[PDB]
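Peer 1:
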Amino acid sequence: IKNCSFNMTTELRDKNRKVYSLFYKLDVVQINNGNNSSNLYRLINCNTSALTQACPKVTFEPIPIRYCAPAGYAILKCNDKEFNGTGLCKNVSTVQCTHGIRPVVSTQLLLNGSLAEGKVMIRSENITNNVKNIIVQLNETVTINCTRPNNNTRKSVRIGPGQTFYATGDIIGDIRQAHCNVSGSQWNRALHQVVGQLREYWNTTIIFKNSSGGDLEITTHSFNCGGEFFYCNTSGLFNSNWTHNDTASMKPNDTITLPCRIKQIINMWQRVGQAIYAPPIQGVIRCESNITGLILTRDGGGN
Amino acid sequence: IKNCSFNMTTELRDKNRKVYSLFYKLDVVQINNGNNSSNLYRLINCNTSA
Amino acid sequence: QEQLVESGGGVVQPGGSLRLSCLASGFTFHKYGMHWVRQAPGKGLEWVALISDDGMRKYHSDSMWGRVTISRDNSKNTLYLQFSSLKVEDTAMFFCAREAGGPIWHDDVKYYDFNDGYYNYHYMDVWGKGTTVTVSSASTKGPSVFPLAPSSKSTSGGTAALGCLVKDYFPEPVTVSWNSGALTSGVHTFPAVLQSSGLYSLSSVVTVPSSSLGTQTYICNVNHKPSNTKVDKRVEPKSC
Amino acid sequence: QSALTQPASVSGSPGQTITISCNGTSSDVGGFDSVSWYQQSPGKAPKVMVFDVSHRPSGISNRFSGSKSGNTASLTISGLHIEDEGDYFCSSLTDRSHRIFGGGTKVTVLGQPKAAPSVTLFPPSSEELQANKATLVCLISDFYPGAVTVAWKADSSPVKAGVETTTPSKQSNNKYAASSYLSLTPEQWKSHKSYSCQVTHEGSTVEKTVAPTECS
Ligand SMILES: *[C@@H]1O[C@H](CO)[C@@H](O[C@@H]2O[C@H](CO)[C@@H](O[C@@H]3O[C@H](CO[C@H]4O[C@H](CO[C@H]5O[C@H](CO)[C@@H](O)[C@H](O)[C@@H]5O)[C@@H](O)[C@H](O[C@H]5O[C@H](CO)[C@@H](O)[C@H](O)[C@@H]5O)[C@@H]4O)[C@@H](O)[C@H](O[C@H]4O[C@H](CO)[C@@H](O)[C@H](O)[C@@H]4O)[C@@H]3O)[C@H](O)[C@H]2NC(C)=O)[C@H](O)[C@H]1NC(C)=O
Ligand SMILES: *[C@@H]1O[C@H](CO)[C@@H](O[C@@H]2O[C@H](CO)[C@@H](O[C@@H]3O[C@H](CO[C@H]4O[C@H](CO)[C@@H](O)[C@H](O)[C@@H]4O)[C@@H](O)[C@H](O[C@H]4O[C@H](CO)[C@@H](O)[C@H](O)[C@@H]4O)[C@@H]3O)[C@H](O)[C@H]2NC(C)=O)[C@H](O)[C@H]1NC(C)=O
Ligand SMILES: *[C@@H]1O[C@H](CO)[C@@H](O[C@@H]2O[C@H](CO)[C@@H](O[C@@H]3O[C@H](CO[C@H]4O[C@H](CO)[C@@H](O)[C@H](O)[C@@H]4O)[C@@H](O)[C@H](O[C@H]4O[C@H](CO)[C@@H](O)[C@H](O)[C@@H]4O)[C@@H]3O)[C@H](O)[C@H]2NC(C)=O)[C@H](O)[C@H]1NC(C)=O
Ligand SMILES: *[C@@H]1O[C@H](CO[C@@H]2O[C@@H](C)[C@@H](O)[C@@H](O)[C@@H]2O)[C@@H](O[C@@H]2O[C@H](CO)[C@@H](O[C@@H]3O[C@H](CO)[C@@H](O)[C@H](O)[C@@H]3O)[C@H](O)[C@H]2NC(C)=O)[C@H](O)[C@H]1NC(C)=O
Ligand SMILES: *[C@@H]1O[C@H](CO)[C@@H](O[C@@H]2O[C@H](CO)[C@@H](O[C@@H]3O[C@H](CO)[C@@H](O)[C@H](O)[C@@H]3O)[C@H](O)[C@H]2NC(C)=O)[C@H](O)[C@H]1NC(C)=O
Ligand SMILES: *[C@@H]1O[C@H](CO)[C@@H](O[C@@H]2O[C@H](CO)[C@@H](O[C@@H]3O[C@H](CO)[C@@H](O)[C@H](O)[C@@H]3O)[C@H](O)[C@H]2NC(C)=O)[C@H](O)[C@H]1NC(C)=O
Ligand SMILES: *[C@@H]1O[C@H](CO)[C@@H](O[C@@H]2O[C@H](CO)[C@@H](O)[C@H](O)[C@H]2NC(C)=O)[C@H](O)[C@H]1NC(C)=O
Ligand SMILES: *[C@@H]1O[C@H](CO)[C@@H](O[C@@H]2O[C@H](CO)[C@@H](O)[C@H](O)[C@H]2NC(C)=O)[C@H](O)[C@H]1NC(C)=O
Ligand SMILES: *[C@@H]1O[C@H](CO)[C@@H](O[C@@H]2O[C@H](CO)[C@@H](O)[C@H](O)[C@H]2NC(C)=O)[C@H](O)[C@H]1NC(C)=O
Ligand SMILES: *[C@@H]1O[C@H](CO)[C@@H](O)[C@H](O)[C@H]1NC(C)=O
Ligand SMILES: *[C@@H]1O[C@H](CO)[C@@H](O)[C@H](O)[C@H]1NC(C)=O
Ligand SMILES: *[C@@H]1O[C@H](CO)[C@@H](O)[C@H](O)[C@H]1NC(C)=O
Ligand SMILES: *[C@@H]1O[C@H](CO)[C@@H](O)[C@H](O)[C@H]1NC(C)=O
Ligand SMILES: *[C@@H]1O[C@H](CO)[C@@H](O)[C@H](O)[C@H]1NC(C)=O
Ligand SMILES: *[C@@H]1O[C@H](CO)[C@@H](O)[C@H](O)[C@H]1NC(C)=O
Ligand SMILES: *[C@@H]1O[C@H](CO)[C@@H](O)[C@H](O)[C@H]1NC(C)=O
Ligand SMILES: *[C@@H]1O[C@H](CO)[C@@H](O)[C@H](O)[C@H]1NC(C)=O
Ligand SMILES: *[C@@H]1O[C@H](CO)[C@@H](O)[C@H](O)[C@H]1NC(C)=O
Ligand SMILES: *[C@@H]1O[C@H](CO)[C@@H](O)[C@H](O)[C@H]1NC(C)=O
Ligand SMILES: *[C@@H]1O[C@H](CO)[C@@H](O)[C@H](O)[C@H]1NC(C)=O
Ligand SMILES: *[C@@H]1O[C@H](CO)[C@@H](O)[C@H](O)[C@H]1NC(C)=O
Ligand SMILES: *[C@@H]1O[C@H](CO)[C@@H](O)[C@H](O)[C@H]1NC(C)=O
Ligand SMILES: *[C@@H]1O[C@H](CO)[C@@H](O)[C@H](O)[C@H]1NC(C)=O
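Residue numbers (this note's numbering), protein chains in the order written: chain L, 868 to 1170; chain P, 117 to 166; chain W, 360 to 599; chain U, 10 to 225.
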């Protein structure tokens, strides 16, 4: 967290005025090309692509969506829980407009999506292909409280002929970092069900390990909440091995606390072009989240 | 009824030039309130719109 | 025009305090800084102090630093200086000057401060009217007045000079006329010099032809307004 | 503390170009490039002459060009005008964000012939002898510019004590006048055979001698 000044322009040409706002470390980078820092930083979305706002009045929270069919074509939905991503199904339903969907941006997990009752399901395009993704459908959900307790401020300052920037002003009081919290016991039960379903060909061999590293859009669990792009970390999960005795690890019921990060910019669908900006949310930032899914990748660099 | 000079851009970005035209008082308003000594003005719609 | 005015100055006493105020009009004082400076008689300038607009910073000369305190009044659009332990070294005229406008020009582009603020560390495009300040421990006393006999400016031709010595008085100024302002030409009252005892001494002198002595009457009228004293003294050939 | 040093007085004829030159230090002139020059005349408020040295200030003629070298500054001027007579003070911004001015530089227009000062001396008048106080008034008049060093002397000895000098003041003829005061006693006044007031104007020099004249 840094408080940062720079110049801006009025609607006129020559009129320029200084102004200050707040920025994180994710948005900018230090110019180490010089002798030292010397308070010298630069936006990365700037020096890779162009820049624009994201219509701050248009907040980026989801809506129940339903996809409808044209004339002469229809939708067919299988009504079997354990029916995996392919194959033959009998319990059919013909439809004109899809069930209510919440198509939310989420990495490594699902959010507020449809559930898979009855049993837990695990699929992949080619499970024998280690590089393929392992899509998951849980039986139940979990209350996920990812939240920043610090209120946001806004400075709606005109720049152009009606063009205004919503700068993240100074925050009130002692400014702690964000965080996120999750239940332990229901989480361990869902883990028990998952590891009970993991035995595709084995009796006891299962391990989880965190990602080796890479793009932060893929290296953690990101999503959108009240407009802000939250990245709530995934580290309380990989430290889990229900290999030999499942009930052995049903005991450590612990309120799972973790640091959840945030973000303002995005290049959706990994298209490296003109990025966008996210405004403040003014007021403390809660985020409820259910859970209905998960995604993994197998370890090809191992036995 | 007044007439005003002001800068504008030349087709060369490094070059600008002062040009002058005529305007009324309805489309502008006084600013920098040294209340009456050759006060400068600003358009009514530019400070809020394009 | 950014026309500024001083107030509070004058003859004052040592040891106390002095509220030197500075108002102005013709502009917006909301975001303008101000310099206080002084200069003594027969001596140049010496920076007294400076203050910014938004009460953020303020700078004092190490000589006057601590002895004085600057302050501002945004709603009144006023600057103020509070003295402490007033001293005779403060005898000077004080000027209240402005800053070199707000913006800075680069590529014919005018950059400004935060909150559209006027800022510089530069020259002073305007200077106040000025105010005299006379710190002095002495007590206001009237003048001892005497005549100054005909001194022949030249041996030949018969041209003398007469005078009226107004000594042991304080504070300035003093009027010295001849027959209640009748004889107006030739007189030139010189600035008063602060005597060693805190008093003052001048001589209203006038050159005339030496033939005018005696034949032309002279009754020099001296008047001191601070003490409200008025005296008469004739100038004549020194008998000794 | 050390003001930007420059000569307290300068002179030059109208039209003839001149150049003022003031000194500085590493703290202010060697520390930054914001060296300014102000001017102030008798009976006039101060006004600037240079800021942003190699570019000139508001509304001033195109003849006054500033320059700077190391810790010293200077200002060359062409077409010497008459109204520009007065003191000049260069200023520089210290490293501690404080400023400091110079000593001053009085510009005097040559072409006005410097007349010798008409020095005369009033001794203690008869009204002051019995008052236990003697006073000698040395009047200087009709001298230009206002720069005269006063000195008092006895008939044979120098008398620096008791001297109180009045600064020059512009006479009606555009020359100057002044009045110096030597404070003595009637005993010291009469026991001494005579007294003298010697005044050093620009280069020519003048003096008056008074004696006790016993009259009716
Ligand atoms: C259209 O665009 C032009 C281009 O900018 C713009 O010009 C400005 O107009 C404002 C209007 O008031 C001017 O403000 C006045 O300036 C008067 C003189 O200004 C001098 O200073 C300029 C800035 O100098 C600094 O910056 C440059 C880099 O930009 C740097 O090199 C310098 O060293 C210095 O740091 C300077 O650029 C400018 O130069 C011109 O003139 C010189 C000759 O002097 C010539 O050689 C150059 O080639 C060039 O043509 C100029 O010298 C000044 O008199 C005036 O002061 C009085 O008024 C104020 C009230 O505003 C009072 O408060 C004050 O007490 C005085 O009474 C005031 O400061 C500004 O200087 C102009 N700047 C420039 C760069 O031109 C026009 O305004 C635009 N049109 C409109 C309608 O706005
Ligand atoms: C937008 O802004 C800048 C300015 O050009 C560029 O951003 C990236 O800049 C870095 C270095 O300036 C590019 O290279 C990477 O540097 C990382 C850190 O710097 C070290 O290495 C450089 C030499 O490359 C040294 O000079 C420097 O002192 C540091 O020692 C390196 O870590 C990178 O290598 C590896 O590091 C990561 C993290 O450990 C590993 O995970 C990776 O395997 C990686 O290989 C790398 O050398 C970087 O390429 C620049 N980004 C991009 C996208 O190019 C951008 O270039 C600029 N935008 C545009 C469009 O140019
Ligand atoms: C965007 O916003 C940033 C931050 O708000 C601005 O950064 C500063 O901007 C100001 C003015 O806009 C700069 O001010 C200048 O600083 C220079 C410092 O360099 C000197 O410093 C020392 C002492 O001299 C030396 O070691 C060094 O070598 C340099 O000598 C000065 O040089 C400038 O002074 C000159 O111009 C003034 C006019 O103001 C003249 O009167 C002087 O005589 C002198 O010639 C001036 O003071 C400041 O430097 C900027 N910061 C930094 C870190 O550089 C950006 O300016 C702003 N950009 C835009 C486009 O708005
Ligand atoms: C980082 O922030 C500091 C501190 O600024 C203060 O704290 C912030 C968290 C915000 O709440 C700001 O609103 C707040 O001012 C900046 O340094 C300087 O702070 C002082 C505060 O004392 C600013 O002074 C202001 O001056 C105006 C004008 O008169 C007053 O009306 C205000 O009441 C206030 O006192 C000062 O402007 C500010 N410095 C500058 C150059 O503006 C610091 O600047 C900032 N970081 C950067 C890179 O600018
Ligand atoms: C999944 O669904 C739940 C419940 O529908 C979503 O919970 C939402 O949580 C946010 C903040 O935690 C709530 O935001 C509030 O919005 C009002 C609107 O005026 C605002 O005034 C409040 O200050 C606060 O910001 C939101 O109301 C709440 N419920 C919703 C949107 O129905 C949850 O966000 C969903 N999951 C995801 C990933 O969005
Ligand atoms: C203001 O600054 C200038 C520039 O420094 C001063 O002028 C220069 O003064 C120095 C010594 O103070 C001179 O150095 C000596 O000069 C003589 C000249 O014959 C030379 O023989 C010596 O070897 C030595 O170099 C320097 O010459 C002189 N500059 C010029 C052009 O003559 C100036 O005195 C300063 N003014 C004040 C009032 O301090
Ligand atoms: C996964 O966890 C490993 C450690 O368990 C992280 O790697 C460590 O990162 C720290 C950071 O400074 C280093 O000091 C260690 O040496 C690293 N250890 C190893 C074994 O790599 C890694 O960053 C984590 N990755 C993610 C995506 O969370
Ligand atoms: C306002 O209009 C007058 C019209 O006269 C402008 O002055 C003229 O400027 C042209 C341009 O070279 C000259 O040829 C004329 O001789 C000028 N006439 C007069 C009477 O001055 C003036 O410049 C305009 N001012 C503004 C601010 O637009
Ligand atoms: C900026 O634009 C707004 C757009 O409405 C102006 O709003 C009003 O302008 C009139 C014009 O005189 C004023 O009488 C009103 O008081 C303004 N409204 C308000 C709420 O103050 C506004 O005046 C423009 N800015 C300035 C400085 O005039
Ligand atoms: C940093 O500065 C030092 C001395 O100024 C120099 O020796 C060194 O090479 C510099 N390092 C850089 C430019 O990376
Ligand atoms: C098939 O769908 C019907 C809906 O009419 C439902 O009642 C039934 O339980 C479903 N059976 C299975 C096995 O999905
Ligand atoms: C998916 O289900 C079908 C029938 O339900 C089964 O034949 C197939 O083997 C399943 N997929 C995998 C990868 O086992
Ligand atoms: C999310 O979980 C809550 C539990 O309080 C439930 O009421 C809600 O219906 C769930 N939303 C879904 C599954 O979309
Ligand atoms: C939880 O999952 C297990 C196995 O995956 C399943 O037996 C159980 O019915 C699920 N819980 C429900 C549907 O409430
Ligand atoms: C999965 O990929 C492997 C290649 O390692 C291939 O042998 C196998 O046939 C593939 N299976 C499916 C179902 O595509
Ligand atoms: C600051 O945060 C608190 C959270 O308790 C909130 O109640 C308050 O409204 C916030 N301040 C604002 C929005 O100015
Ligand atoms: C735990 O979760 C609760 C639920 O919202 C939250 O208020 C709290 O900040 C979290 N963190 C803790 C208890 O450290
Ligand atoms: C799970 O991890 C722990 C420590 O991270 C390790 O001691 C344990 O052996 C692991 N479980 C398996 C089955 O390898
Ligand atoms: C499978 O593993 C479990 C331990 O997790 C064990 O209790 C059970 O007997 C094993 N089943 C076999 C080897 O058929
Ligand atoms: C799991 O526990 C059971 C009984 O507690 C035991 O028989 C079995 O061996 C354990 N699993 C393994 C892999 O040893
Ligand atoms: C976890 O909860 C179970 C009951 O739900 C209890 O038997 C067990 O002791 C608990 N373990 C811990 C570490 O709290
Ligand atoms: C936070 O946790 C508990 C439930 O586990 C409760 O305070 C609330 O329902 C949760 N809120 C969320 C997930 O937004
Ligand atoms: C407003 O105009 C009046 C009349 O010309 C003037 O006296 C006053 O100073 C002006 N206001 C300001 C803030 O200068």
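C-beta: ideal position from N, C-alpha, C; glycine also.
(1) Looking only at C-alpha atoms, which of W/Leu558, W/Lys500, W/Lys488 and W/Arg378 sits nearest to W/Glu365?
(2) Identify every residue that forms a DSSP beta bridge with W/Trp424.
(3) Is it the case that the CB of L/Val1009 approaches a heavy atom of ligand 14 more closely than 7 Å?
(4) Touch check for the stretch 511-524 of chain W and the stretch 556-568 of chain W: three-plus C-beta pairs under 8 Å?
(5) Is L/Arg969 near L/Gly980, with beta carbons less than 8 Å apart?
(6) Can you look up L/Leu1065 in the DSSP assignment and give me helix, strand or coil?
(7) Here's a check: name, in chain order, each residue in its chain whose Cβ is nearer than 7 Å to the Cβ of W/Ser430, leaving out the five neighbours to either side.
(8) Quick check: the stretch 32-47 of chain U against the stretch 96-106 of chain U, are at least 3 beta-carbon pairs closer than 8 Å?
(9) May I ask you to verify whether the stretch 157-164 of chain U touches the stretch 194-211 of chain U, counting CB pairs closer than 8 Å and requiring at least 3?
(10) To which residues of the same chain is W/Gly545 closer than 8 Å at the C-beta, ignoring the five residues directly before and after it?
(11) Can you list, in chain order, the residues of its chain with a C-beta nearer than 8 Å to that of W/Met423? Leave out the 5 residues immediately preceding and following it.
(12) To the nearest angstrom, report how far apart U/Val128 and U/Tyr185 are at their CA atoms.
(13) So with CB distances below 9 Å, who are the chain P contacts of L/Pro1028?
(14) For chain P, find out if any of its Cβ atoms is closer than 8 Å to the Cβ of W/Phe386; answer yes or no.
(15) Helix, strand or coil: which one does DSSP assign to U/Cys99?
(16) Measuring alpha carbon to alpha carbon, tell me which residue in L/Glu1095, L/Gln1064 and L/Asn946 is nearest L/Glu928.
(17) What's the call for U/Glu196, buried or exposed, on a 16-neighbour Cβ count within 10 Å?
(18) Whose C-alpha, out of U/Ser22, U/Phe98, U/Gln15 and U/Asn71, is nearest the C-alpha of W/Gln398?
(19) Along chain L, in chain order, which residues have C-beta atoms closer than 8 Å to that of P/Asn123?
(20) In chain U, what lies closer than 7 Å to W/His389 by C-beta?
(21) Once you ignore the five residues that flank L/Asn1120 on each side, which residues in its own chain have a CB closer than 6 Å to its CB?
(22) Would you kindly report the start and end of the unbroken beta strand (DSSP E) that includes W/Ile410?
(23) Mind checking whether the beta-carbon of L/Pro931 lies closer than 7 Å to any heavy atom of ligand 5?
(24) Does any residue of chain L have a CB that is nearer than 8 Å to the CB of W/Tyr480?
(25) What's the C-alpha gap between U/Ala82 and U/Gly75?
(26) Can you confirm whether P/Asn155, when its beta carbon is compared against all beta carbons of chain W, has any partner nearer than 8 Å?
(27) Just to confirm my understanding: we take U/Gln49, look at its own chain, exclude 5 residues before and 5 after, and list those with CB closer than 7 Å. What are they?
(28) List the residues that DSSP assigns as beta-bridge partners of L/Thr1035.
(29) Could you name the residues of the same chain whose beta carbon sits closer than 7 Å to that of L/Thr1010, not counting the 5 residues immediately before and after it, in chain order?
(30) Looking only at DSSP bridge pairs, what is L/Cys1047 linked to?
Peer 2: Reading from the atomic positions:
(1) Taking the first residue of the third sequence as position 1, residue 365 of chain W is located at position 6. Minimum Cα distance to W/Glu365 is reached at W/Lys488.
(2) For the purposes of this step, residue 424 of chain W is identified with residue 65 of the third sequence, where counting begins at 1. Bridge partners of W/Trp424: W/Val427.
(3) Walking along the first sequence from the start, residue 1009 of chain L turns up at place 142. Result no, Cβ not under 7 Å from ligand 14.
(4) yes
(5) The count along the first sequence starts at 1 and reaches residue 969 of chain L at position 102. The count along the first sequence starts at 1 and reaches residue 980 of chain L at position 113. It is a contact, given that the beta carbons lie within the stated cut-off.
(6) By one-based count along the first sequence, residue 1065 of chain L stands at place 198. If DSSP states are grouped into helix, strand and coil, L/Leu1065 belongs with coil.
(7) For the purposes of this step, residue 430 of chain W is taken as residue 71 along the third sequence, with counting starting at 1. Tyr439 and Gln441, listed in sequence order.
(8) yes
(9) yes
(10) Working through the third sequence from its first residue, we reach residue 545 of chain W at position 186. Excluding residues within five positions, the ones whose Cβ falls inside 8 Å are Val565, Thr566 and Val567.
(11) The residue labelled residue 423 of chain W in the question sits at position 64 within the third sequence. The residues are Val407 and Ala408.
(12) Locating residue 128 of chain U in the fourth sequence gives position 119, where the first residue counts as 1. Locating residue 185 of chain U in the fourth sequence gives position 176, where the first residue counts as 1. Using only the alpha carbons, I get a separation of about 12 Å.
(13) Counted from its first residue, the first sequence places residue 1028 of chain L at position 161. Neighbours of L/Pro1028 on chain P, chain order: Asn161, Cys162, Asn163, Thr164, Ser165 and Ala166.
(14) Translated into the one-based positions of the third sequence, residue 386 of chain W becomes position 27. For W/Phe386, the answer is yes, since a Cβ of chain P falls inside 8 Å of its Cβ.
(15) Numbered from its first residue, the fourth sequence carries residue 99 of chain U at position 90. Reduced to three states, the DSSP call for U/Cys99 is strand.
(16) In the first sequence, the residue the question calls residue 928 of chain L occupies position 61. The shortest Cα separation from L/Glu928 among L/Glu1095, L/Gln1064 and L/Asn946 belongs to L/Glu1095.
(17) Along the fourth sequence, one-based indexing puts residue 196 of chain U at 187. U/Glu196 is exposed by the Cβ-count criterion.
(18) One-based indexing of the third sequence puts residue 398 of chain W at position 39. For W/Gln398, the nearest C-alpha among the options comes from U/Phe98.
(19) Start at 1 with the first residue of the second sequence, and residue 123 of chain P comes out as number 7. Here the neighbours are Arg880 and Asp881.
(20) As a working note, residue 389 of chain W is residue 30 in the third sequence. Going along chain U, no residue has its Cβ under 7 Å from W/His389, so there is no contact; the nearest lies around 23 Å.
(21) For the purposes of this step, residue 1120 of chain L is identified with residue 253 of the first sequence, where counting begins at 1. Hits under 6 Å: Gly1051 and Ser1052.
(22) Working through the third sequence from its first residue, we reach residue 410 of chain W at position 51. It spans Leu404 to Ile410 - the beta strand (DSSP E) in which W/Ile410 sits, taken as one unbroken run.
(23) Locating residue 931 of chain L in the first sequence gives position 64, counting from the first residue. False, no ligand heavy atom lies under 7 Å from that Cβ.
(24) What you label residue 480 of chain W is simply residue 121 of the third sequence in a count that begins at 1. No, W/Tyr480 lies away from the interface with chain L (no Cβ there is under 8 Å from its Cβ).
(25) As a first step, residue 82 of chain U is located in the fourth sequence; it is residue number 73 there, counting from the start. As a first step, residue 75 of chain U is located in the fourth sequence; it is residue number 66 there, counting from the start. Their backbone Cα atoms lie some 8 Å apart in a straight line.
(26) Looking up residue 155 of chain P in the second sequence gives position 39. It does not: the Cβ of P/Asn155 has no partner Cβ on chain W nearer than 8 Å.
(27) Counting from one through the fourth sequence, the residue named residue 49 of chain U turns up at place 40. Around U/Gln49: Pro55, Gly95 and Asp96.
(28) Sequence index remark: in the first sequence, residue 1035 of chain L carries index 168 (1-based). DSSP output for L/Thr1035 lists no bridge partner at all.
(29) Numbered from 1 along the first sequence, position 143 holds the residue referred to as residue 1010 of chain L. So the qualifying residues of the chain are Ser1050.
(30) As a first step, residue 1047 of chain L is located in the first sequence; it is residue number 180 there, counting from the start. Answer is L/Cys1013 and L/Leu1125, bridged to L/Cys1047.
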